[PDB]
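> opening piece of a complex, kept in its complex position:
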Amino acid sequence: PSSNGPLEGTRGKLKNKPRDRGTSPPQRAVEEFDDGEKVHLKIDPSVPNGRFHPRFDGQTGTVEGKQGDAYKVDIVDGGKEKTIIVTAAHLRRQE
Amino acid sequence: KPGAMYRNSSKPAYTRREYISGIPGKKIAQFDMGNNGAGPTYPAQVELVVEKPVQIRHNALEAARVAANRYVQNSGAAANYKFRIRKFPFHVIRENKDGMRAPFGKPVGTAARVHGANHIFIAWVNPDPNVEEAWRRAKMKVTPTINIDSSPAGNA
């Protein structure tokens, strides 16, 4: 890479297809998850806040409590265990 | 310089003029020749088909075209035929003209990427194939071996 900011090489993953453009539906930003649930991590290009480091897009972690309205999801980066602060706006229930 | 230096399609496509400057103009005079006022309403239609993917510098394009059309004056300056070269030299080419230090070359020319089996030239004639000869001379000045293919023409 020529630089090392968090958004390096995120043109694709943090952009919306022309039609999914614009403010997202509120239903999924309010969704409630229970500790132990498996959730898929994916940033909503239209939703500014509650994001996590782009490197984790694609992860499937486990909800383990929350902080404020945001949730605390445990994932495993390679072989390292990590906790991710993320809002519902960027989570989906597995299965 | 020799075609040896630029005839292969091994490099990335380099054509974004918004990021490249100082690109030499093309030597190709025209792409439409003959009676361009008329539409392809001819009995016969022969084509020059490249047999290998290659890069053809605008140099060779102009030399090959001239050699063909300039000859198609076996039919006359305003003869009844229409000649078309369908490829344009989009691929910008450099040369590293310091040794291998900061070697990204400087724009020196342009070439056209043609894949094996494409037709680079297409002429339209009435049962008067002098054009077949105009191409024996044309593929004489381009790197690849070529195939002179006739399409609408069961008048053998």
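Everything's here; your move. Numbering: from 1, shown residues only, chains lettered A, B, ... in the order given.

> packing partners of the longest strand seen in chain B?
Under DSSP state E, the strand in chain B containing the largest number of residues is strand B:106-114. When contacts are defined as 3 or more CB pairs under 8 Å, 6 or more residues apart in numbering or on different chains; DSSP states H and E, strand B:106-114 packs onto strand B:54-57, helix B:58-69, strand B:91-95. The C-beta positions use only the backbone N, C-alpha and C, and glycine is treated the same way.

> after that strand, which helix or strand is next?
strand B:119-125 (DSSP states H and E).

> return that next one as PDB; C-alpha atoms alone will do.
Provided in PDB are the C-alpha atoms of strand B:119-125 (Å, rounded to 0.1, in the frame of the first residue of the first chain):
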ATOM      1  CA  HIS B 119      -9.900  -8.700 -39.000                       C
ATOM      2  CA  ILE B 120      -7.800  -5.600 -39.000                       C
ATOM      3  CA  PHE B 121      -8.700  -4.700 -42.600                       C
ATOM      4  CA  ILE B 122     -12.000  -5.100 -44.500                       C
ATOM      5  CA  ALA B 123     -12.500  -4.100 -48.100                       C
ATOM      6  CA  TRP B 124     -15.600  -4.100 -50.300                       C
ATOM      7  CA  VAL B 125     -15.400  -4.800 -54.000                       C
END
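
> could you spell out the sheet neighbours of that strand, each with its direction?
Sheet pairing for strand B:119-125, assigned by DSSP bridges, gives strand B:44-50 (antiparallel), strand B:82-85 (antiparallel).

> residue B:83 and residue B:69 touch, don't they?
Yes: Residue B:83 is within contact range of residue B:69, at 5.5 Å (criterion: CB atoms under 8 Å).

> shared neighbours of the two, anything?
By CB atoms under 8 Å, 6 or more residues apart in numbering or on different chains, residue B:83 and residue B:69 have these common neighbours: B:33-34, B:134.

> now the sequence for chain C, which goes on the structure above:
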Amino acid sequence: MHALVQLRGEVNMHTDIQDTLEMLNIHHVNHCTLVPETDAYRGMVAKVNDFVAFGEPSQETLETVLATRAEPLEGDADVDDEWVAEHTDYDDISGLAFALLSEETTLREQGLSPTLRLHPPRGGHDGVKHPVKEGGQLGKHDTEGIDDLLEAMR
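Putting chain C onto the chains we already have gives this:
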């Protein structure tokens, strides 16, 4: 049910391929295993497709091989009819063979080593540089094709 026979060595073969052969109980050239035709097992043999020889053997051939090259989970003991009878659910080799082919049981389930360590093909095989459709000995085979190999390595 297909008969799997490693015909190419480990040196230079992809690790993820070698691991697969090992997951299928084959750890040496010429070793053979019997594998059920399931989606999961099918995916595996496909990945191993270039270093092996496989196919569905005929009742007889399986029987010949079982008799000649089958072994207990441990020990020298020859697996002959009597062994099969006094140790398995079946009454003789044929009984076993049939059950295997119809994929009703496995060499393990019957206290037998999952591997039939064959002998080098007598007369030599067709080559390990080309598949069957090319006159080689790699890849899927005919029931008649597999039988010839298996029998030559009996």
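
> residues in contact with the longest strand of chain B?
For strand B:106-114, contacts defined as CB under 8 Å, 6+ apart pick out B:1, B:6, B:9, B:13, B:20-24, B:26, B:50, B:53-59, B:61, B:87-95, B:97, B:120, B:144.

> just the buried ones from those residues?
Buried residues within the contacts of strand B:106-114, defined by neighbour count using 16 or more other CB atoms under 10 Å in any protein chain shown: B:6, B:9, B:26, B:50, B:54-59, B:61, B:87, B:89, B:91-94, B:120, B:144.

> domains in chain C, by residue range?
Domain ranges of chain C: C:1-57+C:114-154, C:58-113, per curated CATH domains.

> for those domains, which one sits closest to residue A:83?
Of all the domains of chain C, it is domain C:1-57+C:114-154 that lies closest to residue A:83, at 31.8 Å by CB to CB.

> now that closest one: how far from the chain's centre is it?
Put simply, domain C:1-57+C:114-154 sits 7 Å off its chain's centre (CA atoms, centre = their mean, to the nearest Å).

> and for stretch B:104-122?
Distance of stretch B:104-122 from the chain centroid (CA atoms, centre = their mean) equals 8 Å.

> what's the span of that stretch from first residue to last?
Start-to-end span of stretch B:104-122 (CA to CA, to the nearest Å) is 37 Å.

> what sits up against stretch B:28-37?
Stretch B:28-37 is contacted by residues B:58, B:61-62, B:65-66, B:69, B:72, B:78-86, B:88-89, B:123-124 when judged by CB under 8 Å, 6+ apart.

> kindly report the same for stretch A:74-85.
Contact partners of stretch A:74-85, identified using CB under 8 Å, 6+ apart, comprise A:41, A:52-53, A:55-56, A:59-62, A:64, A:67, A:70-73.

> and chain D, same structure:
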Amino acid sequence: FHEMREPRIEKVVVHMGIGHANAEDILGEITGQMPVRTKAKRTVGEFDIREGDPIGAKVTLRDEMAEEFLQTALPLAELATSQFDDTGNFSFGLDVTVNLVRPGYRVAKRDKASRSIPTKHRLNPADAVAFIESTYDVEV
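With chain D now in place:
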């Protein structure tokens, strides 16, 4: 069908596009209600570089205030045709514009469930000339 299809005057805007005013006063009397400032956009050579800046006034008249005005405005105008909108509007003159439309226009001006008026229900230049011409004067 009709009655709810027949034209009507909705606001008459009287504005003086000056270039920098004292003019409001006459607009106030000519109409009958306070004028509104007219700021401008973009910086330009006519020493009009100031973005927010008084450069004229306007007055939007509705109902009687609009008729009672046109009952003198129109007489001071001759023109017609070509000088008409594609939506049945027209401006003449100090400017005086007349916006014309049919009964269910609020559907497009309200907040809730607003909607654009269907082309069919729009007012045509012709259907406009008729209505007005049929009110103390002549077309072309």
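
> what about the most far-flung residue of chain C relative to its centre, distance to residue C:75?
Going by CA atoms, centre = their mean, the residue of chain C most distant from its centre is residue C:86, 23.7 Å out. Applying CB to CB, to the nearest Å, the value for residue C:86 to residue C:75 is 14 Å.

> what of residue C:9?
The gap separating residue C:9 from residue C:75 is 28 Å, by CB to CB.

> any idea how many residues pack against the nearest residue to residue D:70 once chain neighbours are set aside?
Nearest residue to residue D:70 in three dimensions, chain neighbours excluded: residue D:12, at 6.2 Å (CB to CB, 6 or more residues apart in numbering or on different chains). A count of neighbours around residue D:12, defined by other CB atoms under 10 Å in any protein chain shown, yields 22.

> buried sites along the helix or strand where residue D:12 lies?
Element membership of residue D:12, judged by DSSP H and E, is strand D:8-15. Across strand D:8-15, burial judged by 16+ other CB under 10 Å covers D:9-15.

> can you give me the strands for chain D?
Going by DSSP E, chain D shows strands at D:8-15, D:36-37, D:57-58, D:60-61, D:90-92, D:95-101.

> show me how far the first one is from its chain's centre.
Translated: strand D:8-15. 4 Å.

> partner strands of it and their direction?
Sheet partners assigned to strand D:8-15 using DSSP bridges are listed as strand D:60-61 (antiparallel), strand D:95-101 (antiparallel).

> do a quick rundown of the helices in the chain.
Unless you meant another one, I'm taking chain A. Taking DSSP state H, the helices of chain A run over residues A:27-30.

> sorry, I should have been clearer: chain D.
Secondary structure of chain D, counting by DSSP H: helices at D:24-31, D:64-73, D:106-109, D:125-133.
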